[PDB]
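In what follows, a single structure is set out as structure tokens and then discussed.
Read the figures in this text as sums done on the coordinates, not as results from a lab. All Cβ positions, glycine included, derive from the backbone under ideal geometry; neighbour counts span all protein chains shown.
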Ligand SMILES: *[C@@H]1O[C@H](CO)[C@@H](O[C@@H]2O[C@H](CO)[C@@H](O[C@@H]3O[C@H](CO[C@H]4O[C@H](CO)[C@@H](O)[C@H](O[C@H]5O[C@H](CO)[C@@H](O)[C@H](O)[C@@H]5O[C@H]5O[C@H](CO)[C@@H](O)[C@H](O)[C@@H]5O)[C@@H]4O)[C@@H](O)[C@H](O[C@H]4O[C@H](CO)[C@@H](O)[C@H](O)[C@@H]4O)[C@@H]3O)[C@H](O)[C@H]2NC(C)=O)[C@H](O)[C@H]1NC(C)=O
Ligand SMILES: O=C(NC1CCCCC1)OC[C@@H]1C[C@@H]2CCN1C[C@@H]2C#CC#C[C@@H]1CN2CC[C@@H]1C[C@@H]2COC(=O)NC1CCCCC1
Ligand SMILES: [Ca+2]
Ligand code: NA
Ligand code: NA
Ligand SMILES: [Zn+2]
């Protein structure tokens, strides 16, 4: 019923309720604009730039923008008015000058924030397109910038833009792809279409809502595609001239480019130079406009992309029809990732287990890997949502998967795409922050886009809703307004047991050839059990236990552990391996040795009988016997308190890691400190399980089986200092290995471990923060480093990609 009028209402900030017609920046998308929207709100007469002959002109309300004398006071000049008509310079031509304080017009309560988001803007464009982007290159070199920013998985538009707005992983905000089926709604969601407009798809609390609830006004962030970029900028500039009580403090501009073109031409197509020139020109208009309003040293500007773009063509498509015979009983969400479910729920013959088996390592060159979603690398955080299908296909970069060849030619067209694993270099995108609140000429290390919501909240004095960022981890981007995080309080204190049990009290069915057994060396043994070498093996203090539980600290010559009396195994084991340390073998006579620990009761210990009786399950050790400091220290590594349950298929991975890789890293990094332990995440929510969530135990026992094993390997960033004598910043790499009864994930697994184990571990790289969530532990509690710096270390991901 669109018979009302947009007179005095163009780009109104609250949308009026149907069936009265709308004049907001979204009305075109709902086909609901008033009849005179175009005429009044979308003026194009005379274009977007003042020329010499328009200077001082008589206001003509029909023009797109104005060059008349009164346009400044009306706030609707063309962005280049002062340059063409008042002999002013373009913002880009001015030297940069540090903005030490905001320089805002009277009546501004805080520096406004403008988010300039660019679709498909790959990180390497900053260097490779630099010659054609002078405005963006100035923002970058004068402000604060990262070499790149990591998107979330899938590296698609919708999941990423909503992550930027909410600080949440897609699994938690609910936008888990560009397309989705929700079985509870029984409803679908598509990028094109009208179902995306329904609010039930959208979880968490995005920045515009956070702002409004806390009394900070927001511009409407979303723009109908047909509103030209120049008009989007002019609207933002007009809103910024509104009276104090109506003027928003936060705005977004959005560009469909360079993504639109990247799909057609590939990331580096020669056609790609023009779209980059044009985005830059848009940035130029914004900054020229701000400089006219005297706001160019007042506004914080963020220039931020959602994902990169990779070379992908028709001929690089794998087909599920070349693998499966029941192809018609499945529905595939296709392309740069795959999600598979049953075509129909009344068909009880469809079986996920046999689907995965049919797609596993079937061709020597296979360009995708099938996964049950709970087995995907935990760093992707891509499982805990009913909209994510049980079966997922991780697709190689540069490839697609499709169901049938017909789907690809009857449903080439494209040379670029994205969606791949968020560790892939081509998927990385950009971040620049410019303004009074950001640092001056400062480079910062790469970080994840989940972190930005907190910083945007900080920029606006807002308290962020609960999110997946680690607040404080990006304080180094900011001149001021930092948020001063504090360490979580330890919840459980440890017990420190001494010798309390005699060996004969234990009936564990365990045996060791150790009775083949002096106040020189017994005086030594006693010190080692009280913590005399603890300074060596626990470098950053004990991890804090952030939940209620019962555990013991156990000291040894070569290692220290936090032993859970509830889970019957360590929550963590800490040890340092110097560059000079030697690897030894496990002597023949000690092959099956397991020794009772006289500090811990029989009832709180594992037993060997359970393993003997459990045909599927074996056991491994957290501190490795291979790295013992001496033949006598080696007996400690065989304590029942150092033992953990491991599938034999997993033992192969773990033994190679402990025998070969630990020593390799100590060699390369000049010593390493290792913390290892189990993870239980049976409901795949990325958070430590309570005992009543455990779905598997060693047969006949109360010994819970971990879903994963982690290690955190820390050393000195300046590797001329040894790990145990480091004066400055730390360096860390970590992993969360899935504890699986087979090695089907590794197609090369029947070859020697030196050909596949390390590749598996790299796939399963993790942030310390991911391990924290999964264990309820807090690491690096006692260092000489600032807490903000430690938060940054905890969010670091070692990616094993070459250098961008
Ligand atoms: C990443 O960061 C987020 C945010 O901090 C973390 O997610 C939070 O996790 C906590 C702890 O588990 C959740 O607490 C539980 O809350 C529910 C009530 O939840 C409702 O209210 C909140 C608050 O407004 C909403 O955000 C919730 O929204 C969810 O559901 C709607 C659909 O209804 C949807 O629009 C959203 O996308 C969102 O979905 C996601 O979360 C749900 C689970 O909550 C999940 O099923 C889904 O797959 C999505 O991932 C919602 O409207 C409450 O019922 C629970 O109490 C129960 O457990 C207690 C034990 O304490 C029992 O005593 C009791 O009997 C209850 O059964 C929880 O307290 C919180 O909801 C959640 N927030 C969000 C936004 O997801 C992640 O954990 C972080 N991830 C990592 C890896 O760290
Ligand atoms: O133009 C912009 N600017 C961006 C700047 C950077 C931040 C995000 C937006 O984006 C281009 C958009 C993004 C999406 C993909 C491509 N293209 C169309 C798509 C869509 C849509 C779209 C839409 C409409 C706008 N609001 C409201 C109406 C629908 C749905 C949506 C979501 O609204 C709530 O989130 N409210 C809820 C959320 C949870 C709290 C309670 C209220
Ligand atoms: Ca869990
Ligand atoms: Na034995
Ligand atoms: Na066994
Ligand atoms: Zn795209």
> Limited to region 210-231, what total is found for residues that are more than 22 Å from residue 44 (Cβ to Cβ) and in a helix (DSSP H, G or I)?
Replying inline: 4
>> Quick check on region 121-146: of everything there that is assigned to a helix (DSSP H, G or I) and in contact with a strand residue (DSSP E or B) (Cβ under 6 Å, 6 or more places away or on another chain), which residue is surrounded by the most Cβ atoms within 10 Å (Cβ to Cβ)?
In response: 139
> Can residue 519 be described as more than 16 Å from ligand 5 (Cβ to nearest atom) and over 14 Å from residue 496 (Cβ atoms)?
Replying inline: yes
>> Checking the condition on the phi > 0 side of the Ramachandran plot and more than 16 Å from ligand 4 (Cβ to nearest atom), which residue from 284, 262, 219, 266 passes?
In response: 266
> What's the number of the condition residue 300 fails, among (1) under 30 Å from residue 75 (Cβ atoms); (2) touching a helix residue (DSSP H, G or I) at 6+ places or on another chain (Cβ under 8 Å); (3) more than 16 Å from ligand 2 (Cβ to nearest atom)?
Replying inline: (3)
>> Can you tell me which residue is farthest from residue 304 (Cα to Cα) among those in region 413-456 that are touching a strand residue (DSSP E or B) at 6+ places or on another chain (Cβ under 8 Å) and in a helix (DSSP H, G or I)?
In response: 426
>> Just to check your reading of the model, which residue among 671, 677, 620 is within 16 Å of ligand 5 (Cβ to nearest atom), touching a strand residue (DSSP E or B) at 6+ places or on another chain (Cβ under 7 Å) and under 28 Å from residue 535 (Cα atoms)?
In response: 620
>> Taking the criterion of being within 16 Å of ligand 1 (Cβ to nearest atom), closer than 20 Å to residue 622 by Cα and touching a helix residue (DSSP H, G or I) at 6+ places or on another chain (Cβ under 7 Å), would at least one residue in region 673-687 satisfy it?
In response: yes
> If you go through region 6-25 one residue at a time, how many are in a loop (DSSP other than H, G, I, E, B), in contact with a helix residue (DSSP H, G or I) (Cβ under 9 Å, 6 or more places away or on another chain) and surrounded by 15 or more Cβ atoms within 10 Å (Cβ to Cβ)?
Replying inline: 9
> Does residue 250 qualify as being within 16 Å of ligand 6 (Cβ to nearest atom) and farther than 24 Å from residue 80 by Cβ?
Replying inline: no
> Quick one: residue 28 ticks every box in (1) farther than 30 Å from residue 139 by Cα; (2) assigned to a loop (DSSP other than H, G, I, E, B); (3) touching a helix residue (DSSP H, G or I) at 6+ places or on another chain (Cβ under 8 Å) bar one, so which box is it?
Replying inline: (2)
> Would you say residue 193 is away from ligand 3 (no atom under 16 Å from the Cβ), within 18 Å of residue 387 (Cβ to Cβ) and surrounded by 13 or more Cβ atoms within 10 Å (Cβ to Cβ)?
Replying inline: no
> Which of (1) touching a helix residue (DSSP H, G or I) at 6+ places or on another chain (Cβ under 7 Å); (2) closer than 16 Å to residue 386 by Cβ; (3) surrounded by 24 or more Cβ atoms within 10 Å (Cβ to Cβ) does residue 171 not meet, given it meets every other one?
Replying inline: (1)
> Is it true that residue 639 is away from ligand 5 (no atom under 16 Å from the Cβ) and within 25 Å of residue 500 (Cα to Cα)?
Replying inline: yes
> What do you reckon, is residue 711 part of a strand (DSSP E or B), out of contact with any helix residue (DSSP H, G or I) (no Cβ under 6 Å at 6 or more places or on another chain), farther than 28 Å from residue 507 by Cα and more than 16 Å from ligand 1 (Cβ to nearest atom)?
Replying inline: yes
> Any idea which of 151, 206 is crowded, with 20+ Cβ neighbours inside 10 Å, within 19 Å of residue 252 (Cα to Cα) and near ligand 2 (Cβ under 8 Å from one of its atoms)?
Replying inline: 206
> Picking from 728, 677, which residue would you name as being more than 16 Å from ligand 4 (Cβ to nearest atom) and part of a loop (DSSP other than H, G, I, E, B)?
Replying inline: 728
> Within region 482-535, how many residues are closer than 15 Å to residue 633 by Cα and outside any loop (DSSP other than H, G, I, E, B)?
Replying inline: 11
>> Going residue by residue through region 153-175, is there one that turns out to be within 17 Å of residue 444 (Cβ to Cβ), under 14 Å from the mean Cα position of the chain (by Cα), assigned to a loop (DSSP other than H, G, I, E, B) and more than 16 Å from ligand 4 (Cβ to nearest atom)?
In response: no
>> I'd like to verify a number: residues in region 394-412 that are surrounded by fewer than 22 Cβ atoms within 10 Å (Cβ to Cβ) and in contact with a strand residue (DSSP E or B) (Cβ under 7 Å, 6 or more places away or on another chain), how many?
In response: 10
>> So, residue 532, is that one over 30 Å from residue 787 (Cα atoms) and more than 16 Å from ligand 2 (Cβ to nearest atom) or not?
In response: no
>> Pull out all pairs, ordered by first then second residue, where Cβ-Cβ is under 9 Å, the residues are six or more apart or on different chains, the first lies in region 239-260 and is farther than 20 Å from residue 112 by Cα, and the second is surrounded by fewer than 15 Cβ atoms within 10 Å (Cβ to Cβ).
In response: 256/225
> Among the candidates 242, 234, 290, which residue alone is more than 27 Å from the chain's Cα centre (by Cα) and not in a helix (DSSP H, G or I)?
Replying inline: 242
